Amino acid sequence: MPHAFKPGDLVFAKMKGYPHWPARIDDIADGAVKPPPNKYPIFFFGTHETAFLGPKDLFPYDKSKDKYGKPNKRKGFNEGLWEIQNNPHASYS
């Protein structure tokens, strides 16, 4: 059975107006801004941006890759696909 989400989990993250996007649950660094209650820090591969999202918008990567892991025109997406597949736990600072 599933556990709750935890830092390092790989997902497709969905925001309004964007296709399901390769992403990870981030850690919060000591001294860094924490997300709101009930939200996780989501690092989106390719664009390297963070947003705060709840589980409803988070699709586990293994299960979802066959549907969502196809090239997309949007900026950063295809770079994103390479990252999540090839070095999803790397520092992208």
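Numbering starts at 1 and follows the sequence shown.
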Stretch exceeding the other in mean C-alpha B-factor - 32-40, 49-57: 32-40
CA B-factor ranking of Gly8, expressed as a third of its chain: lowest
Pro22 - which third its CA temperature factor falls in, relative to the rest of the chain: lowest
Third of the chain, ranked by Cα B-factor, where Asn72 sits: highest
